[PDB]
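This document opens with one chain alone, in structure tokens, the form deposited in one PDB entry.
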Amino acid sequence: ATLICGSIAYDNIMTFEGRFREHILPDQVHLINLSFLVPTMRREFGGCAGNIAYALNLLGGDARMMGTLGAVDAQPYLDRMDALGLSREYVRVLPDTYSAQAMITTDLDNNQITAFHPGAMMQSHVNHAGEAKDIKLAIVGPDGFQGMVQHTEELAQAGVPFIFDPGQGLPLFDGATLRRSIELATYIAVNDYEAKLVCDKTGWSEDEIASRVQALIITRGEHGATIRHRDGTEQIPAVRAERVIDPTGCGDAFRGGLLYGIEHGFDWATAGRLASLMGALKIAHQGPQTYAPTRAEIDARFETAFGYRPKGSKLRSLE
């Protein structure tokens, strides 16, 4: 199974139907003033671990979320996990605490500015990744800082390869702590903005970062993604979205596809392309977990976009 470490949260998403880029005037003292009409607020199921596990589960993988929720309002999420067949073994529900809540303001370029009220996420380190059974692969996503660092150290000690996904948690890291996490990581997955921040904080170039992981994956929104590995760099195309509704959690849907590909021995071109497709399926719906394709629908859309069906290598090499 695949351990998915990160936030579990309720999201309130406000989508600007436009591009903040067109509205920023750097020469002015106020560089952006923008008001846009929204409908009634609706809470969505989110959190980085929730979203990544949701995607992995859609593909038929065995996603084991490791995160904390608050007993006061955890129930709808616990019931949703049960209804989808997601194990709650490592979902700790903390007494007399509220679950993480994100107020996400975003545009169609996925420029997210989020006011985050962390609640139970603050105690994410109560879970010990090293103790989780039957894990062959993991991801460490945005979470409480102490919990993020502990998950990287425990997984490395346990010899569980992991994708490091610092995401919205990046500001919590200093250079030494970020360098250390990358040393421990087997793969890193970031978007292009997060990648620049990682280079800046570590003081390492992308070349130096790539030298310390099996793959450096950098997503670029509607431009697709790049996967740098030992023998080359894959240029992964985007899949054309049926419609562009809400990019929140595109990266998480993508990470669900990448984890599935890695577990099943996909080559990077096909793991990347499956990931890229998950992100395009997700963007056509509002909220990070509203899209709900069957595995047969995923495979058909993959073959339409790319010309072949996605699955793991059948080469029986010596390794």
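Residues that one form lacks are left out of the comparison. Note that residue numbering follows the sequence shown and begins at 1. Rigid core: the largest C-alpha set superposing within 1.5 Å between the two forms.
Only in words, not in the display: the form deposited in another entry, which the text now covers.
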Residue among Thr186, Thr97, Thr106, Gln168 whose Cα moves 2 Å or more between the shown form and the other one, once the rigid core is superposed: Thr106
Rigid core superposition, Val38 Cα moves 2 angstroms or more between the shown form and the other one: yes
Core-aligned C-alpha movement of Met14 between the shown form and the other one, 2 Å or more: yes
Once both forms are overlaid on the core, stretches between the shown form and the other one of 3 or more residues with C-alpha shifts of 2 Å or more: 14 to 19, 32 to 40, 105 to 113
